[PDB]
Amino acid sequence: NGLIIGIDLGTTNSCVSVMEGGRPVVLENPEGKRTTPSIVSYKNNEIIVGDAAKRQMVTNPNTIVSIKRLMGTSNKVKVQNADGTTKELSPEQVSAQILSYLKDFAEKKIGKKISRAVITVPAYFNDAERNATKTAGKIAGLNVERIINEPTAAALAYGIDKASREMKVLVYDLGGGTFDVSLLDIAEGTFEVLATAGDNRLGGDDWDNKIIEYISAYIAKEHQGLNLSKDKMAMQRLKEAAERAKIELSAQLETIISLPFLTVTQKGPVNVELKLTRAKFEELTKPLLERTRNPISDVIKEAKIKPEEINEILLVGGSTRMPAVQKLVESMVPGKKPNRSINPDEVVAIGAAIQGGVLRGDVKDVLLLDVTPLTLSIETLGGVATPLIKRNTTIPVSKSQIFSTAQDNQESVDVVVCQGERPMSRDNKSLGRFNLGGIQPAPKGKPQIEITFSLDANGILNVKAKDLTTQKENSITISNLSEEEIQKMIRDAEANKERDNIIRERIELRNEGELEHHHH
Ligand SMILES: Nc1ncnc2c1ncn2[C@@H]1O[C@H](COP(=O)(O)OP(=O)(O)O)[C@@H](O)[C@H]1O
C-alpha cells in the first residue's frame, strides 16, 4: 500500500529519506538540518530529541547519548522525573523516541501519514541487536518491512546492484561514535558481507576530544593551571567549539577556537582565542586515524582477495570528509579512487529509501542521462514523423528547421510532437500538441515557419513554433522516461523494422516538410 521511508538510525546522528517521483530525497528536520542527533533528553516531563538535546548533553544529566551501543542488550537507562523519582527506560524505547521524531517531521513534510520503513543496521549486528531495532520501529508505529546492513545501503545508493557483474566493494564507515570497514560481494542482486571489522568506540568524537585536550592544555598554560573539567557549562562549550574547529579544518589549513567569557576568576574573565593548524590537529589525532589502517588489510585478507581485486570503494560517515581519512584509504588501495560523491552522512539513508521503493512496487526509476535516449520528431503531412533531434544527442541542445503549410490558404498549423524511432507519428508516443495561427492565405510551401526543439541541461523540452513573417509564436513545455519504457519502444521498432522500411520507401525528408491542420 503506502510509502516506505528509509531510516539511518545512527549512533551519533540519524537521517530520514523517501522516494519522490523516482528519486531519493533526504528530509530535513524542523531546524532545517538533513541529519538529526541521536540524542534524547528529559526535562519537565518533556522528551527532547535531536539538536535541542545535544545542546544540553553535558549540562542536563538526563540526556541519553549513544543509545545504539546498548541495543540488543538488556541494559537500562535511569532518568529523573520532575518530582525526583526515577523512570527506567529500555534502549528500544529511547530509540523509538528518536524514530517517532523522524517519523513525525517526515509526515509533516510529506503531508501524508507514514507507517512503513526500512531501517539500517551495522553489518556485525546479531538477531537480538536487529530485533531491538525492529522493536524500536514497532513502538514508533512503523511496520519495519526490512532491516538492512549500513554498507548494503551504501551500495544501493551507488547503484552497484545494477552493475550486472560480480563486484568486490570495500566500504569504509567512520561515524561520530563508530568505525566499520566491510567487504561486500555483490553478484546478481545478492549482497554478501564477506568480512567486517572495526571499532564501535572510535569515531569523530575521539577526534574532537584531542582538540579538548589541546584547548585544556592551553588554558592551564595561560592561566596557572586553570581546570574547567568539572564545570558543565564550560565543558559543553568546549565540546561544541572542538567540533566546529574540526569541521573547519576539513576545508581550511587553520582555524580559530574562540571562547570569550569561558569563566571568571579573581583575575577577571578568561577569554580563549586559540589557533589550531590542520598539521597540528592531524598530529594530535594520528593515533586514532592509524587504528583504521590495519582493519582495511584485515578484512581484505579475511575475504581471501588481493587489494587488486576490489572494484569499488565507498566512503560512509561524516568523518570521511576529513582529508587525512581520504588520503589514508587511498594509500591502502592503489589505483582506486574512493567514492565520496554522495554525502557520506546521507548515503545510508538514501540506500534505505531506494530499498523502500523497491519493496513497494513504485520503482519508477528515473535516469539523469546526459544524452537523448530517443528521436524527437514533428508530425508532417500524412502522419510522418520528421525528426528534429536525433536519438543519442547530448543535452543541452536546440536544433531548428523551417517548415511550411500542407494546404493552400491554411490559417494555422498543428505542432504535434512525438518520441520514438518509427516512421509514422501514430506508431510513436506523442508528447504534446498545440496550434499556431496568424498565417496569411498563401500557396502551400510559401509560409516559412521556423520550428525549434530545445532541451535544457536538466532534460525537459520546449518546442518553439514561429511564423517568421507575422512574428506569431506559440510554444509548449514538456515533462521524462523509465528504462523499461525506453526499451519497449526500441523493441517495438526493432519488431516492425521490415514493415517500417517499406513505409520509408515512399517518404522523402530532403524536401521542405509540411504541417497540416485537422480540427483539434
Ligand atoms: N566536514 C566535516 N569534517 C570532519 N568531520 C565531520 C564533517 N562533517 C561531519 N563530521 C563528523 O561526522 C561525524 C559523524 O557523522 P555521521 O556519519 O552522521 O555519524 P553516524 O553515522 O555515526 O551517526 C561527527 O563526529 C562529525 O563531527
Side-chain angles (χ1 to χ4, degrees), residues 6-17 26-29 33-40 49-51 53-54 57 65-69 71 95 98-99 101-102 119-125 133 148-154 157 171-182 198-212 238-255 257 276 278 281-282 284-285 288-289 292 314-329 340 342-352:
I7 299 160
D8 180 5
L9 182 60
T11 309
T12 45
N13 302 294
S14 286
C15 182
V16 50
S17 169
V26 173
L27 309 180
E28 67 193 337
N29 55 32
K33 292 263 304 325
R34 293 163 85 72
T35 71
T36 297
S38 294
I39 302 189
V40 196
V49 188
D51 296 283
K54 195 178 171 164
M57 101 183 92
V65 197
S66 302
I67 189 62
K68 197 163 170 182
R69 292 201 219 289
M71 291 290 283
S95 307
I98 304 176
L99 296 173
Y101 178 82
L102 296 173
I119 303 179
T120 50
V121 286
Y124 77 83
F125 268 31
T133 304
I148 67 168
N149 294 337
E150 281 154 10
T152 295
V171 180
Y172 183 110
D173 194 352
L174 193 62
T178 66
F179 168 63
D180 181 30
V181 62
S182 297
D199 194 312
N200 72 337
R201 299 252 159 67
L202 165 61
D205 287 352
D206 302 287
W207 275 256
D208 303 1
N209 290 342
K210 295 288 165 189
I211 301 167
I212 296 159
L238 293 156
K239 189 192 297 311
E240 293 167 30
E243 209 203 345
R244 255 169 291 187
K246 181 182 69 168
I247 287 168
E248 292 177 8
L249 297 167
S250 295
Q252 308 173 194
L253 302 172
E254 73 202 14
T255 197
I257 293 146
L276 174 56
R278 184 188 281 175
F281 164 71
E282 290 176 348
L284 289 166
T285 53
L288 301 160
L289 178 67
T292 70
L314 307 170
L315 299 179
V316 189
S319 313
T320 73
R321 294 174 186 284
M322 290 194 279
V325 181
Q326 293 164 356
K327 287 163 179 174
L328 181 135
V329 179
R340 66 211 69 171
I342 298 167
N343 276 10
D345 44 348
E346 301 177 5
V347 69
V348 169
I350 289 166

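Start at 1 and go down the list; that is how both ligands and their atoms are numbered. Computed over heavy atoms, backbone and side chain alike; hydrogens, waters and symmetry mates excluded. Index from 1, following the sequence.
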Give the minimum heavy-atom separation between [X] and [Y], together with the two atoms involved.
X      : Y      : value
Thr120 : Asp8   : OG1-CA, 3.4 Å
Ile148 : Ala352 : CD1-CA, 4.3 Å
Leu174 : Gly203 : CD1-CA, 4.4 Å
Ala157 : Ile350 : CB-CG2, 3.8 Å
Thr320 : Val316 : CG2-O, 2.9 Å
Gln252 : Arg278 : O-NH2, 3.1 Å

Which protein heavy atom lies closest to [atom], and at what distance to 0.1 Å?
atom                    : answer
atom 1 (N) of ligand 1  : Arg321 CD, 3.5 Å
atom 25 (O) of ligand 1 : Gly176 CA, 3.3 Å
atom 26 (C) of ligand 1 : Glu243 OE2, 3.3 Å
atom 18 (O) of ligand 1 : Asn13 ND2, 3.2 Å

Which of the numbered atoms in ligand 1 are under 4.0 angstrom from any heavy atom belonging to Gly317? 17 (O)
Which atoms from ligand 1 have a heavy atom of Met322 less than 4.0 Å away? 4 (C)
State whether the shortest distance between N or O atoms of [X] and N or O atoms of ligand 1 falls below 3.5 angstrom.
X      : answer
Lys246 : yes
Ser250 : yes
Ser319 : yes

NZ/NE/NH1/NH2 to OD/OE distance under 4.0 Å, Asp345 and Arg34: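 Salt bridge between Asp345 and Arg34, a charged N being under 4.0 Å from a carboxylate O: no.
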Using 4.0 Å as the upper bound for N to carboxylate O, is an ion pair formed by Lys54 and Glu243? yes
contact_flag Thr12 ligand 1 heavy-atom lt 4.0 Å: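 Yes, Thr12 has heavy atoms under 4.0 Å from ligand 1.
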From atom 9 (C) of ligand 1, work out which of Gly318, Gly204, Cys15, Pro344 has a heavy atom at the shortest distance. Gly318
Just to be sure I'm reading this right: ignoring hydrogens, which of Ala251, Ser14, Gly175 gets closest to atom 21 (O) of ligand 1? Compare them by their nearest heavy atoms. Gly175
